[PDB]
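# Fold and geometry: a report
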Amino acid sequence: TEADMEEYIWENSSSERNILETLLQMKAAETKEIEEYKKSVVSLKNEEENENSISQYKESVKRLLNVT
Amino acid sequence: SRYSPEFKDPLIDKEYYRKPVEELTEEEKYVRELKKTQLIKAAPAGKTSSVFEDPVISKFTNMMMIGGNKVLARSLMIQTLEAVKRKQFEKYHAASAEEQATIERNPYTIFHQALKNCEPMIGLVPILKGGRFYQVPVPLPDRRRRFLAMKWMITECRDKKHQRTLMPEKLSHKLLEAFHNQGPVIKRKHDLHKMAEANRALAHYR
Amino acid sequence: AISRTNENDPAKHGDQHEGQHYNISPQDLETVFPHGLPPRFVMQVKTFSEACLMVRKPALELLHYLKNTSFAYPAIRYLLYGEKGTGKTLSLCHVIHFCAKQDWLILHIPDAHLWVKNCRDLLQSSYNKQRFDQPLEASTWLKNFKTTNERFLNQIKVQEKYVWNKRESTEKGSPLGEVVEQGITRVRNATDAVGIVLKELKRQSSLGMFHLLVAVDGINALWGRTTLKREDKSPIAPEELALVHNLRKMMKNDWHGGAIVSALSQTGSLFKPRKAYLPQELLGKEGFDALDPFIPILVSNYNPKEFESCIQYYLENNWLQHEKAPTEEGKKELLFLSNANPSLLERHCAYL
Amino acid sequence: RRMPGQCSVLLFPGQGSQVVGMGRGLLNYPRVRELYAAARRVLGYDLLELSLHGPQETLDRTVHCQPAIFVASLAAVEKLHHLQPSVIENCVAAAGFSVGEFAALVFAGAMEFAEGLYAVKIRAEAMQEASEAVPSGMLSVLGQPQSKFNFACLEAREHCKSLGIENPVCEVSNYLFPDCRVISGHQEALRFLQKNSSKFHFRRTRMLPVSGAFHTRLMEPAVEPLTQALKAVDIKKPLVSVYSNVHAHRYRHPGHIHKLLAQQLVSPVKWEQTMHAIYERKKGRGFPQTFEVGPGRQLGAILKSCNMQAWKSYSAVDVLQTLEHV
Ligand SMILES: Nc1ncnc2c1ncn2[C@@H]1O[C@H](COP(=O)(O)OP(=O)(O)OP(=O)(O)O)[C@@H](O)[C@H]1O
Ligand SMILES: Nc1nc2c(ncn2[C@@H]2O[C@H](COP(=O)(O)OP(=O)(O)O)[C@@H](O)[C@H]2O)c(=O)[nH]1
Ligand SMILES: [Mg+2]
């Protein structure tokens, strides 16, 4: 069972699907960023949630979505 | 009592200690030097050096207490103060230019003046001497009348004829009535001063 | 008046206005916010005879983001989070007021926690017998949604025939207001009438007819638990409610031409500890996954400038009547007892 | 054996709980159509139509309300069984008010459905005839501590004696909860009580919408019919602890239900005593679940007045609507 199993696999996960859909839609409207984002997400999902982790997540999402 | 008789009560007043040594009189200097030798009790939970501390409101809250529930009693007190403040602001906004100089919005002044308007100066002492019971007038001490004002206010606000009106709203209305020399508490003071006026002749039985 | 700013247009606030109060007109108050403002801020508005909001860094950052928003990209989810009573609801209201002045379509949910608890009249949806309706909660929202967006209800026109009953149906091309009216008149079709509205707004905004703002306060309620029960005393999940199921579709970034703004809230939350305030702790795994990816924005306590400005505003309204409150010692005591928390400071100033 | 809190007690309502639309919300549930068909077979008219769509004036007639309440109560039992099998499985006590007792026994497997309907029909007809025999009524009175009930009954009888009648009747007919009673008797006595409430220290008085004086000796003529109707019926041993109304204790042996059921017809209802016998316990001990299987929520309010803590775990079965269309 996934809940018993002790890992959030970023691969084939909801986070991966959501970011892929977002990036495809941005390309239609018109990497290291994805690596940073998935690192932040996996840290938040597996380790403890603190303000530093939330800020890292924020910065990664901003860089991926072209928000400054 | 877990305190020895040696222990003296603490003096929380914060400006008393800041008094310059020059202003101290020899008696006051002696008292201050004496206090060094004495043992002092731990200051109780309650009174603080806070500039917003008000002993009268603290006593009123303690008298509304039921079963040691101080949180709820203080909640009711702060709600009453807020309600009085809001009603005064509402009456201040709707008042004419000249009537806005005679509207007091400070709820603490209203509370103090309302309690002062309910203090009786003369009361009675139940005394049976000749086999039949006799009321006799007496002068009430200041503590006794201060207590009676609060007790009458609380008993009036705990009346059952007020169905489902919450205590902060009842108490704010009674306080605003007594601020203007109106209401049943002022009538209770008057029916005591009159019914002790009807019994001046018994005053020789003191 | 050092605590007030003459600039009452939210589109022109900047970092120099940080800590100053700007005024919301009565017309803007009645149109933009029939339901938005906190219950204890309505009291301040009624007693001071004016609604003045401070300009803070959370709202300024979230306005800088919404000014530079690409309407071709999918809608970006923003999430305001912070400790209790730190002002995130009023930051959300600041943003809603900014967006309403630029002729955005406002979809404002004042408190999503009210849809998952203390509901008497639950019905089984004739549209789908597996979900439940909340006519009183839906018809209450519909009237105020109509009030906020009266202008657009005739410009926006449906694109499908909706069958309320065999006798009554809304024909294609009718103005959206009709649907809203059908929800306001007959409460039986209130919950069906909310979803249709959402279905239109999420669609037509993509076409480019208008910009849509989805402002949901207490967004953490959608992926939590409910205190609602069946007639067999069994629990009901949040997804079983049509009102909550139709609002989750609006949180997905499968549309463009707008922005989705939300604010967490532990106040009124179900099955959460008092000190839980971070996004995952309130949202849950499901909530975080649903909102992921999203931009979190922190709302903190007053810094010294904001605290001093709030106390100067209260003194300028003569709301601090204690003779010691204006003095510096009174201000230090206020600062310590509230620790610069806006809600605690307001509550303590209420009875001074 | 079972911890208090996982067992359940079923309360069956009685006269005065009828309502138009009763039965809607139970009709779709299992087995209910067959109960109503059997009721049609035994009575001779359509209860279903009268209960679902009625003027409420035919429904308030004695001959019609009692069978309607009986059938609706049992239908609610089947509804609860469908929704919560465990609650019916873990049932410890059962109790009916006046006619609901006939329902409770049927739920306890002491009587069968057709037997119960025949008994209730004969009972209702005889009671209506007895009410027609002499004018009478009932009054609900809520007293305060200074209120004396037998005292007020005594002057209520003195007044009607002064007017002139053979043995005026006015006595407490229902004990509901502390200081709330229902007195029963000739209308003049009850009017005397109404107009002299202040002297008698009665806070509230409300004439019940009833045909006549139930639970008094005035219903003696109806006793002999019901007994005959009950003679043929072979009452078995109740499966659950079903309480009586005459003396408010659990029925011991089936050979005494025959006479206790006819004695209830001319005896006061010991409802407060029954609630005590079911829910009394020491401070802190848990209480069972309570389900009011039938129309209305009157027994719920009575339980609230009697025992608040037992009322904390109280629920009522909806017989006017249903959440899910089964
Ligand atoms: N920007 C602001 N301008 C003026 N007052 C504010 C502001 N932010 C907060 N306050 C004060 O704080 C009080 C509570 O703020 P608010 O309702 O926004 O809290 P919150 O952070 O959303 O908390 P909760 O978890 O209770 O929802 C407001 O009534 C007001 O008194
Ligand atoms: N009364 C009525 N409501 C409708 C009709 N169509 C859609 N709705 C409502 O509007 C909402 C539209 O959301 P939708 O995309 O259809 O979600 P889904 O069909 O349940 O998967 C639905 O939840 C319905 O409650 C209709 O033809 N008649
Ligand atoms: Mg909030």
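Listed as the method for this PDB entry is cryo-EM; the listed resolution is 2.54 Å.

The PDB entry lists chain D under the name Malonyl-CoA-acyl carrier protein transacylase, mitochondrial, with Homo sapiens as the source organism. In the PDB, the title recorded for this entry is "Human mitochondrial small subunit assembly intermediate (State C)". Regarding chain D, the UniProt comment filed under Catalytic activity reads as follows: "holo-[ACP] + malonyl-CoA = malonyl-[ACP] + CoA". Word for word, the UniProt comment on chain D under Pathway is "Lipid metabolism; fatty acid biosynthesis."

Looking at the PDB entry, chain C carries the name 28S ribosomal protein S29, mitochondrial, with the source organism given as Homo sapiens. In its Catalytic activity section, the UniProt record describing chain C reads: "GTP + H2O = GDP + phosphate + H(+)".

Attention now goes to the pairing of strand 4 (residues 105-109) of chain C. Residues and elements named next belong to chain C. Of all five residues that make up strand 4, five are buried, and the element is covered over most of its length. Burial along strand 4 is two-sided: the face carrying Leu 105, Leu 107 and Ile 109 and the face carrying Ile 106 and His 108 are both buried. Sheet topology note: the strand 4/strand 9 (residues 212-217) ladder contains five bridges and is parallel. Looking at strand 9, one finds that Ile 106 is bridged to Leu 213.

Residues and elements named next belong to chain C. Around ligand 2 sit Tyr 127, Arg 131, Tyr 162, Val 163, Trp 164, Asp 192, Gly 195, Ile 196, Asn 246 and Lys 249, and those are all the residues in its vicinity. A distance of 2.8 Å separates an oxygen atom of ligand 2 from a polar side-chain atom of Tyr 127. Contacts to ligand 2 include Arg 131, whose side-chain N or O atom sits 3.2 Å from an oxygen atom. In the complex, the protein chains occlude 75% of the 570 Å² of accessible area that ligand 2 would expose alone. Elements with a contribution of two residues or more to the shell around ligand 2: strand 7 (162-163), helix 8 (190-207) and helix 9 (242-251). The element best represented in the shell around ligand 2 is helix 8, accounting for three residues.

In this section: helix 10 (residues 279-291) of chain C. With 13 residues, helix 10 of chain C ought to run about 18 Å at 1.5 Å a step, yet its terminal C-alpha atoms sit only 10 Å apart, falling short of that. Of all the residues in helix 10 of chain C, the buried ones are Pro279(C), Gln280(C), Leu282(C), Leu283(C), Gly287(C), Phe288(C) and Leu291(C). Where helix 10 of chain C is buried, its residues contact helix 2 (32-46) and helix 3 (51-65) of chain A together with strand 3 (77-82) and helix 9 of chain C.

Let's shift gears to the sheet that holds strand 2 (residues 91-96) of chain D. Pairing is parallel across the open sheet formed by five strands, whose spatial order is 7-2-1-9-10 (chain D). Two strands bound the open sheet, and with one partner strand each, they are strand 7 (241-242) and strand 10 (314-316) of chain D.

What follows deals with the domain arrangement of chain D. Residues and elements named next belong to chain D. By domain assignment, chain D separates into domain 1 (1-133 + 211-326) and domain 2 (134-210). With 22 residues of domain 1 in contact, the opposing surface of domain 2 contributes 20 residues. Both faces combined, the contact of domain 1 with domain 2 buries some 1700 Å², and carbon together with sulfur accounts for 56% of it. One can count one salt bridge joining domain 1 with domain 2. For the interface between domain 1 and domain 2, the tally reads seven residue pairs in polar contact. Secondary structure elements with two or more residues in the side of domain 1 that touches domain 2: helix 6 (113-133), strand 8 (269-270), helix 12 (271-279) and helix 13 (298-306). Here the side of domain 1 that touches domain 2 gets four residues from one element, more than from any other, and that element is helix 6. Looking at side-chain class alone, the side of domain 1 that touches domain 2 contains eleven nonpolar, seven polar and four charged residues.

The rules we used
- Residues numbered from 1 in each chain as written, not as in the entry; some residues may be left out.
- Chains lettered and ligands numbered in written order.
- Part of a larger assembly, values for the part shown.
- Heavy atoms only, no water.
- UniProt positions renumbered as here; feature names shortened; annotations may be inferred.
- Buried < 20%, exposed > 50% of the residue type's maximum accessible area, 1.4 Å probe, protein only.
- Helix = DSSP H or I, 4+ residues; strand = E, 2+ residues; numbered from the N terminus.
- Pairing = 2+ DSSP bridges.
- Near = heavy atom within 4 Å.
- Polar contact = N/O pair within 3.5 Å; in protein donor to acceptor, adjacent residues only side chain to side chain.
- Areas by Shrake-Rupley, 256 points an atom, 1.4 Å probe, with all protein chains shown as cover.
- Expected span 1.5 Å × (residues − 1).
- Contact = heavy atoms within 4.5 Å.
- Domains from an automatic or database assignment.
- Buried area = accessible area lost by both parts, 1.4 Å probe.
- Salt bridge = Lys/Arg side-chain N within 4 Å of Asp/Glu carboxyl O.
- Nonpolar A, V, L, I, M, F, W, Y, C, P; charged D, E, K, R; others polar.

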